[PDB]
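Novice: This structure is in structure tokens; I'll ask about it shortly.
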Amino acid sequence: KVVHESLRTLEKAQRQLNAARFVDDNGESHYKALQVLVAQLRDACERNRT
Amino acid sequence: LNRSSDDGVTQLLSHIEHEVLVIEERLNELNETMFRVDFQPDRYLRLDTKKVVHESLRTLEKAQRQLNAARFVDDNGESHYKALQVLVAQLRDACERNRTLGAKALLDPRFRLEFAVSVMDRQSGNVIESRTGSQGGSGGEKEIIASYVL
Amino acid sequence: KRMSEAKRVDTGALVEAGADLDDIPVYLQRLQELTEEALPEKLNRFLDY
Amino acid sequence: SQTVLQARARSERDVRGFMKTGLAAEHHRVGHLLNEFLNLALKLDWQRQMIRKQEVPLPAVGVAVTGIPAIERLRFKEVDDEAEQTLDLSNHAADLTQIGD
Amino acid sequence: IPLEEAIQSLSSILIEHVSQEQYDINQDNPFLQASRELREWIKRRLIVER
Amino acid sequence: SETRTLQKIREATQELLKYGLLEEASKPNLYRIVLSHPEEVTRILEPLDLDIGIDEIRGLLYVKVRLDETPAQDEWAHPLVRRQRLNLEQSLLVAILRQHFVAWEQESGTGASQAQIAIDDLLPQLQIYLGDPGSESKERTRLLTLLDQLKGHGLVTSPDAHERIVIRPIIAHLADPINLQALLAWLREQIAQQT
Amino acid sequence: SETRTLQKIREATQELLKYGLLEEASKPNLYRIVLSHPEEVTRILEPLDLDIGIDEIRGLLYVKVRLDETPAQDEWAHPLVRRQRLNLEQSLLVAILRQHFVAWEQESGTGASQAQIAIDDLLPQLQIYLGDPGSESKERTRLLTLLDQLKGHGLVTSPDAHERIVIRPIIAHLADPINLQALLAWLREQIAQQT
Amino acid sequence: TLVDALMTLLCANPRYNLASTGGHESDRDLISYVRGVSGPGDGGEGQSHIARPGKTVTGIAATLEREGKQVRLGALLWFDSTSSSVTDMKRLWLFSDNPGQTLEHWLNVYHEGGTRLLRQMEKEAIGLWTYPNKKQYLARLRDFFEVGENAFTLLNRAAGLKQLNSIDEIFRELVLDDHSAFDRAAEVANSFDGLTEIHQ
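Heads up: the sequence lines are chains A, B, C, D, E, F, G and H, in that order.
Take the first sequence: its letters are residues 1 to 50, numbered as in the working numbering.
Take the second sequence: its letters are residues 1001 to 1150, numbered as in the working numbering.
Take the third sequence: its letters are residues 2001 to 2049, numbered as in the working numbering.
Take the fourth sequence: its letters are residues 3001 to 3101, numbered as in the working numbering.
Take the fifth sequence: its letters are residues 4001 to 4050, numbered as in the working numbering.
Take the sixth sequence: its letters are residues 5001 to 5195, numbered as in the working numbering.
Take the seventh sequence: its letters are residues 6001 to 6195, numbered as in the working numbering.
Take the eighth sequence: its letters are residues 7001 to 7200, numbered as in the working numbering.
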């Protein structure tokens, strides 16, 4: 079993988003975290031959 | 500036031409040796060569010609000096970037010509296969091509 | 100058307004509408989503 | 009579419609500028082809970029061949073993 | 008059006046000559097509 | 190392450049895609001296020339603009179309639905300016030729079965107050020359 | 405010997308700039699925479709690059020019300055595959209009005052050169069969 | 030539002449076989090396038997002109399980008439199938032999490939079926599109 750095970074973003749901603002930081999570998915899909 | 002369570049180009001619002549002896063997039932192989005038050499010749033209317009010799500077710039840049093929095809004799293995008919002398490599071929046939050329 | 720049950034709602002093009321109305109704509604929708 | 009355039926219906427009745009800003321009148009002499082939200073919008002339995009003519047909499908019985040592 | 029938009739009539060289009436193509002058008249407001 | 723009964005911007304008009324799946990443599309179109211009009210996106940071150049001399500068008689029909569009827009409110006009209503309008050749066939051909030349600019569709034409909403931007003011000034200058 | 892509690179990209060809022999400054910033231009053109192939030997650039590395689509399809098939006469003329260029390169080398070929020289060669259309004037007009048509694609230069032409280096990178040789030889053999 | 005549039917995107190259790259194509290009030619004007430069036809078929039952694979390829570009070559793959249907039968039928005749014959004859593109035919092969698409490509690259330079690469690209969740990830990302639109 070999866990690549990409999955580790995605897990880190997962935890960051999970902890960031509760911060008190206009939703800015929560949206930032959510988008930074998804960006890993999109980038992965586009360069799927890497 | 009046005392200055353009002999330097033309001599270098002539020396490069001499080197290319030397390489071609040396290949000539190998071609003659290769005539004595049959690469195939009635085919004898040969090595050809074309001349590759890289764009850099064309630009250098153009600069040299415009320099020849620029000497005879008098503006305190400013135009002549500017033409000489332009001509020297190509050489300096090639020296600084010798590793790129762009300068190799101007300063290196080995890159002034492009090689290609050829198959000759023993009787008529008409070429049948201007083999530039081994793409395709049956294998075994690939092997004989490689072994002969190497 | 500033009306022209606002037009440049402006998205469609002001296609029917020029860059002369006559049309300043339209720009003021747009700003008033954004401050009062459109912006808070969009923010509420964004937070809810 | 039924042709003349039809002509008037078209003519009246197509002006009772035109006047509904114009009313809706008298006080709208772009409508006002448009009416000014339309009024200024009449003075011109449209019969002369040259005057109605001038080039107004309107902007370019919806500019379309197409036909990038990449050299690879070309293809050559396909000339049909129709002289004969290669029906021949012989069994090639000449495959009898004739091989070297 | 329907336009095509008008062209037919005018072309047939022009044939019966070719011998009138006093006005350079030619013979090359009666139908084209009709197509030309039946509109030459329209631009002169003698006839109008609707 | 190698970074490819999101394939969806590439598809959307390629279509947008091909047609010159995009709409939610016909290609929603691409209109939304462009409307969600305007910065990316603007920067992709930035080198070519082309810039997006958005219209959420009507559902219209279009590409327009830039003169920023290289000013004082005629827009139509730009190298990629593939069509000719507008003709006077074409701008007359543009003005009439815009008048009909403003009427329809203020009747039904800015928003959805299409601003349709019947070919019948346009023949009389031109009859005043362009003169009457006394042949419905000829003036109908003239009007259809003008409309076809305007389809090359993307302002109108071709006549459909019922002899009607949709005025594409981009017309609202082609003739707006600033451009109309410039056009009026130029036309007054021409009239003064005529005197 | 935001940075703008350098001026001359914008100029290069726009011109290269207008014509599709850049030559050191006809635009030296732009060619030098584009080769001095190889990554920037390929980055500007990447979003559109376009990409430049550089031919240093002949000092020529050209825009080629960038589509992916042998995807399920055996044949590329692009929204901007509209594929065209030349008519018979254009195909034969392009084949003739291709053969002349290859023959001259076989002697003077690859990239050697192309020897001008007289218009008079071409007419007999087209007459082999097309006969005599009826008059010298007709055939010469046909040849001149075909050369003008091909100049659009950048294959040839306009004839000089002495009525000779040059062969643009672009002709080496045509799509599938095997089509020209085969068709040319096929017609050349058919004429011998019939005569 | 024979091995690739067989393999054209089996694998989706074949690697012709693979064994000679050593196992990593192919250096031919279907067109060079249909035309029968003998070699790179004299390099000049000559056209002697090409076997069938004009309008030509070609067909290949393989017969596999189990317990007497015959499944005859087939293929037809032809040109209507000298053009040798992939888009002008017209193809018709064939699959059948009827012993009576043969390659000679197909060639005679084609000589009688073009594709339309073969399509009519498809309706007329039982136990026969045809496909104007290779994808549906390969799907038929899959559902007939009950194997994932990777199996035939594995067979093709097994015809040579005497190195096995990296077990990981072989088992990742040539053995194990494709179960990547790329489509699922794309779907998940699209679920957040509404939020992006609202925020923008």
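Where a beta carbon is used, it is the ideal one built from N, C-alpha and C, also for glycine.
Look up F/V5065 in the DSSP assignment and say whether it is helix, strand or coil.
Specialist: strand
Novice: May I have the straight-line CA-CA distance separating H/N7133 from D/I3071, to the nearest angstrom?
Specialist: Computed Cα separation, rounded: 28 Å.
Novice: Going by beta-carbon coordinates alone, are B/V1053 and G/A6112 separated by less than 8 Å?
Specialist: yes
Novice: Quick one: list the residues of chain D neighbouring F/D5176, beta-carbon separation under 7 Å, in chain order.
Specialist: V3030, listed in chain order.
Novice: Does the distance from the C-beta atom of H/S7026 to that of H/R7015 stay below 8 Å?
Specialist: yes
Novice: Just checking: is the beta-carbon of F/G5131 within a distance shorter than 8 Å of some beta-carbon in chain E?
Specialist: no
Novice: Give the range of the beta strand (DSSP E) segment to which F/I5165 is assigned.
Specialist: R5164 to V5166
Novice: How many Å lie between G/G6152 and D/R3016 at the Cα?
Specialist: Straight through space, the alpha carbons of D/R3016 and G/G6152 are spaced by roughly 53 Å.
Novice: Report yes if the CB atom of D/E3078 is closer than 8 Å to the CB atom of H/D7088, and no otherwise.
Specialist: yes
Novice: Looking at chain E, which residues of the region 5115-5148 of chain F have a Cβ within less than 7 Å of any of its Cβ atoms?
Specialist: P5133, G5134, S5135, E5136 and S5137
Novice: What's the call for B/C1095, buried or exposed, on a 16-neighbour Cβ count within 10 Å?
Specialist: exposed
Novice: Check the C-beta distance from B/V1119 over to B/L1030 and give it rounded, since I have them as a contact under 8 Å.
Specialist: 16 Å between Cβ atoms; not a contact.
Novice: From the DSSP output, in three-state form, read off H/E7124 for me.
Specialist: helix
Novice: Is H/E7187 close to chain F, meaning its C-beta is less than 8 Å from at least one C-beta of that chain?
Specialist: no
Novice: Kindly indicate which three-state DSSP category G/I6052 falls into: helix, strand or coil?
Specialist: Correct three-state label for G/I6052: strand.
Novice: Any Cβ of chain F within less than 8 Å of the Cβ of E/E4049?
Specialist: yes
Novice: Label B/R1092 either buried or exposed according to how many other C-beta atoms from any shown protein chain fall within 10 Å of its C-beta, with 16 as the threshold for buried.
Specialist: Burial check for B/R1092: the Cβ neighbour count within 10 Å stays below 16, so the residue is exposed.
Novice: So, is G/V6081 buried or exposed, given that buried needs 16 or more other C-beta atoms within 10 angstroms?
Specialist: buried
Novice: With distances taken Cα to Cα, identify the nearest neighbour of A/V36 among A/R15, A/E5 and A/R47.
Specialist: A/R15
Novice: So for B/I1128, helix, strand or coil by DSSP?
Specialist: strand
Novice: How would you list, in chain order, the residues of chain F whose beta-carbon sits under 8 Å from the beta-carbon of A/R47?
Specialist: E5002 and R5004
Novice: Are G/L6183 and D/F3037 close, meaning C-beta to C-beta below 8 Å?
Specialist: no
Novice: Which bits of chain D does F/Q5106 rub up against, with CB to CB less than 9 Å?
Specialist: Contact note: F/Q5106 reaches chain D through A3024, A3025, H3028 and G3031, using a C-beta cutoff of 9 Å and chain order.
Novice: Let me check one thing: in DSSP terms, what residues is B/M1120 bridge-paired to?
Specialist: Looking at the DSSP assignment, B/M1120 forms a beta bridge with B/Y1044 and B/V1127.
Novice: Please name the residues in the region 2034-2045 of chain C whose beta-carbon is closer than 8 Å to at least one beta-carbon of chain F, in chain order.
Specialist: none
Novice: Could you tell me the distance, in whole angstroms, from the CA atom of C/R2030 to the CA atom of G/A6012?
Specialist: 42 Å
Novice: Does any residue of chain B bring its CB to less than 8 Å from the CB of G/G6053?
Specialist: No, its Cβ sits nowhere closer than 8 Å to a Cβ of chain B.
Novice: With DSSP run on the structure shown, which of helix, strand or coil describes F/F5101?
Specialist: helix
Novice: H/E7197 touches chain F at which residues, Cβ-Cβ below 8 Å?
Specialist: What H/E7197 touches in chain F: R5032, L5035 and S5036.
Novice: For the candidate residues G/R6066, G/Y6019 and G/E6024, whose alpha-carbon lies nearest to that of G/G6154?
Specialist: G/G6154 has its Cα closest to that of G/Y6019, out of G/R6066, G/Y6019 and G/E6024.
Novice: Please confirm whether A/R42 has its beta-carbon closer than 8 Å to some beta-carbon of chain F.
Specialist: It does; some Cβ of chain F falls within 8 Å.
Novice: Could you give the distance in angstroms between the alpha-carbon of F/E5056 and the alpha-carbon of H/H7024?
Specialist: 53 Å
Novice: Output the distance between the C-alpha atoms of residue 4976 of chain F and D/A3060, rounded to the nearest integer angstrom.
Specialist: Only positions 5001 to 5195 of chain F appear in this structure, which leaves residue 4976 of chain F out of reach.
Novice: Anything in chain H within Cβ reach of A/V38, meaning under 7 Å, just list it in chain order.
Specialist: One finds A7189 and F7192 in chain H with Cβ atoms closer than 7 Å to the Cβ of A/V38, taken in chain order.
Novice: With a threshold of 16 other CB atoms inside 10 Å of the CB of C/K2001, please say whether the residue is buried or exposed.
Specialist: exposed
Novice: List the DSSP bridge partners of F/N5087.
Specialist: D/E3055
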